[PDB]
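Okay, here we've got a single chain as structure tokens, the form deposited in one PDB entry, with questions on binding and movement later.
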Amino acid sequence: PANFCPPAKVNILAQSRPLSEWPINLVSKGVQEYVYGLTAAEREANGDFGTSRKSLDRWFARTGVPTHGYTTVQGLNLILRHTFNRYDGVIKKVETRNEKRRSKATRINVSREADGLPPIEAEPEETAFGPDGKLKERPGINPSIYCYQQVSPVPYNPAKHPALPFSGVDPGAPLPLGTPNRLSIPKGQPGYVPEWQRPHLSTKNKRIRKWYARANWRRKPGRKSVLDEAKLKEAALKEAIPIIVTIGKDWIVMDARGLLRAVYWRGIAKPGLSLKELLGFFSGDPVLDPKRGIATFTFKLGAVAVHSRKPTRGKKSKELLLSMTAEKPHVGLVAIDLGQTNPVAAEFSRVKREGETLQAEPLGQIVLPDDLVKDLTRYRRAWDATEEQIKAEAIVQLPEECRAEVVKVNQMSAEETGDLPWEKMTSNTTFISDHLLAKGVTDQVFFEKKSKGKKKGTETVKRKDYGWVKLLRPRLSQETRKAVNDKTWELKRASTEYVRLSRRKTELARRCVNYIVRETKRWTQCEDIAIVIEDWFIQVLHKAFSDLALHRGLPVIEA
């Protein structure tokens, strides 16, 4: 049963007025402002909003929230339900957290009762309501417009829609194709392929980029080409596939080419289809954010044959693979040892049925290719250069007195703090006290006198280590948050490089995962494969391999 609806983002070409001025946005803002800021008793009283016109009008009358001329029931229901759920999500968040503590207390009490000890006093339960009766953590207002059926997207038509510079194709007629034969474009016409590049051309079904794609003209260190954004925009607008959404007297027109690319690269619809069924592969309820100007369509339930799963654990893995190997005579495996001199190491195998036995025969062992590892290395050489500067010019923004606790105390870590290298870690060895007591007699500015060990041995002999190093100039953990974490984390989301490097990291991890999946498919000669993972690129690679259960439905075992 398919239950995944991946997004498909499209751009907005023309509007009437900014979406922040639309009545629907104003009503959403007002309802959110009212509902996030009233007490529990008032929320219980102000909870008769219902799902009907006769209830919506009375709720908007006795409360006093301005309706701004917006009276569509089907769009107001979504707003009100979302606002009340966001109000009642903080309460349940706190509730879950208190249950964590409650359970522990119950287990401790029952264990003490079994052992005869009296139950311990239960810790107070935290609550989201302060002395004023409101929530301490008030949810924020969202800039998101949710469309509904009466405002569903339809193909642009000058006979029923406002005139625009661009024109839309006949909805029934097949959608326009790209360049039929790009090798026939003459010199002096856009898209020309020069003679020398002709032998070097990809033979697979690569996605086709138009000449006006700004990825072909973007600012690069070694281009020396010129970017004229106006010419590219006017060339792109003449071949767009426009769709229109009209809410009340306002409207927006989008470029349906994002939907076309999404349906092409996913192998859902072959070239030559019309706009009517292109819009029919997605829901009629897009989501609009005014800040970007992007509409996030979601694929219709059934367009993508993906059944989302969750990573299994323990015996459930055995049940899952015993179920799988009964479906097909061949089942392929891959074991991931991430963190061995290379980002990924894969152990391929197959799974058979010896009646009720998981018989396995290895078919080899591979590592990631050199080019992919080169890409991963080039990412890290750029990440390190980013957290160099997110600290260098972030800790210098100093209040002239807070340096001692965080910044320069690290300088005295090498300054103020013989047998050992004095920096290389040598645990349990007496090399520290061997040289120290070579010029001293069982005495120093500090001692050990620590009951350390399983039996808490009174280790104080020769004053070995872990006491003098500790009382050497430490971090001291003083005013760490305000002077380090707050400043650095505030500047983390300000630079434009840090918001791109995380996406690049995710893309590279997904590239590694996709390569491993493709290789698995090839080596094991199977189309129903499985992944086992037992648990720096470690965290991101683990998340990327663990996201196949949800995004793509591939089973994943946690070991």
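Residues carry their position along the shown sequence, with the first being 1. What we label the rigid core is the largest C-alpha set whose atoms superpose within 1.5 Å from one form to the other.
Undergrad: For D170, record whether it is unmodelled in at least a third of the other compared entries of this protein.
TA: No, modelled in all of them.
Undergrad: If you look at the other compared entries where the surrounding residues are built, does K424 lack coordinates in a third or more?
TA: It is, since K424 is left out of at least a third of the other entries that model both flanking stretches.
Undergrad: Which fits the stretch between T417 and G418: none, 1 to 3, 4 to 9, or 10 or more deposited residues lacking coordinates?
TA: In the deposited sequence, 10 or more residues between these two have no coordinates.
Undergrad: Checking chain continuity here. Are there deposited residues lacking coordinates between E21 and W22, and if so is it 1 to 3, 4 to 9, or 10 or more (or none)?
TA: Count of unmodelled residues in between: none.
Form deposited in another entry: not shown, discussed below.
Undergrad: Following superposition of the rigid core, which of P155, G467, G332, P343 is the only residue with a C-alpha displacement of 2 Å or more between the shown form and the other one?
TA: Single residue meeting the criterion: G467.
Undergrad: Align both forms on the core first, then report whether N205 has a C-alpha shift of 2 Å or more between the shown form and the other one.
TA: Shift at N205: below 2 Å after core fit.
Undergrad: Does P176 move its CA by 2 angstroms or more between the shown form and the other one when the core is aligned?
TA: No.
Undergrad: After fitting the rigid core, is the C-alpha of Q359 off by 2 Å or more between the shown form and the other one?
TA: Comparing the forms between the shown form and the other one, which are aligned on their rigid core, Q359 does not shift its C-alpha by 2 Å or more.
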